[PDB]
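So here's one chain in two forms, each on its own in structure tokens, numbered structure 1 and structure 2.
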Structure 1
């Protein structure tokens, strides 16, 4: 039956590009898939639909008067391989809450029968900069049972993974939301692969796939498309199919073990990302 997944991770490490490339690979294997974009920039569907910007549920609602008058056809678009795409829309600057926006989007999709239409998979594309109650809404309301965290071998992306893990610990007694694994979006940095496997081991999960950097991703991105669609023969295309294969097959759903800031520094030093701090020069004029 339909699996409900979310991809969570920091901004500016290519999470949405990895999400759309994975979803493309899943359509190619013959799964029927929906992407529900929950990023405030609303950038989670452009490579499926070949568009500059999909009209969001917030925008279309606040324009049809309210969500009550909105037609599913203005909001749900089909793109590469029949993948169905919808955007939440981010909060209204200075007043909104992403928790309220995501609930509106989901409640609206249920009501119109989106979740029932032959779907194998739904992927919530969600921001993990700050893991407040708003961005955790898909977890609190038991909508994303299988979470995959995009990170990279850098402090802030790994801190965002840890905080996402703590969001999953909080809802543990409540429902069935589980961490299914980490995805490492490569930044070309030494031992990044080994850093994310070790972080996975300490979190009690797996690194499910290492996504390499390859120029073919940007060649496809400039054309508003996925690699699967642009160049089905590319080495990079086989890397997205492999990750799709491991996600379809995946049974390792856990409640993770969040680590301390001291244990995070310890992995980042051990893997050559961070240096010994020389406590001796602290507070001292030149």
Structure 2
């Protein structure tokens, strides 16, 4: 078996930093992991690969002729801890559907046997500002059974969490896609942990971890590394190790209860 997890959230909230560091901690533990980038930004694997970014399946298919001219070894690349990495890509802005590459990538990986029995986890890093087209496909087509939403006390980040939760509810009658938890990626504000705990309780889930804001993240990423690799003794490395432990141990997977905008606004008003 292998656990299929997807990390969703609004743009810029910390999906790729959180996912790559969580995955590095899992590999440090001895887990075998694959990351599938499902965001057109296409930099979801750079900290595992020590790279600028990664060439995408859409790009490589175009240069090769068809996606069938590609082999799994051409697309999947291994980095820190043996973590295997692939990027979906997507059409240029203004052309097509921004999520179309995700459909191509996930189908290619399934057909080519990337889901080898020895994998312990697959993580999809998915754009979450809209839940449609290829960005909805991991939910609609039962690809990521466990959704973790990165958010913060930002109203827009909590709105995004609610919208993603509505997408999960929409497909609850088929497949097994469930909300596994919220991850608070701190803005360094007071009571923020309590605010995201309260939101998680209202949705029916839990705050799996509170990730502090720590400049060591920037220092690591300037060097194209996770904090886990860059400075294994850092306090922030231990934070990502705690997050990884709690993801591994998590057993709560729910059909969430989306809230009203009145409920969201009351949360922010209350926690001042």
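Definition used throughout: the rigid core is the maximal C-alpha set that superposes within 1.5 Å between two forms. Positions refer to the first chain, counted from 1.
Item to check | Residue from 81, 167, 181, 134 whose Cα, after superposing the rigid core, lies 2 Å or more away between the two structures | outcome: The one that shifts is 134.
Next on the checklist: Aligned on the rigid core, do the two forms place the Cα of residue 204 2 Å or more apart, comparing between the two structures?
Outcome noted: Comparing forms between the two structures, the residue 204 CA shifts below 2 Å.
Checklist entry - C-alpha of residue 100: shift of 2 angstroms or more between the two structures, rigid core aligned? => result Moves: yes, 2 Å or greater.
Checklist entry - By how many angstrom is the Cα of residue 117 displaced between the two structures when the rigid core is overlaid? => result Taking the core as reference, the C-alpha of residue 117 is shifted 5.2 Å.
Next on the checklist: Given the rigid core as reference frame, how large is the C-alpha shift of residue 90 between the two structures? Answer in angstrom.
Outcome noted: Its alpha carbon moves by 2.0 Å.
Checklist entry - For residue 190, what C-alpha shift in Å is seen between the two structures once the core is overlaid? => result Residue shift at the C-alpha: 1.9 Å.
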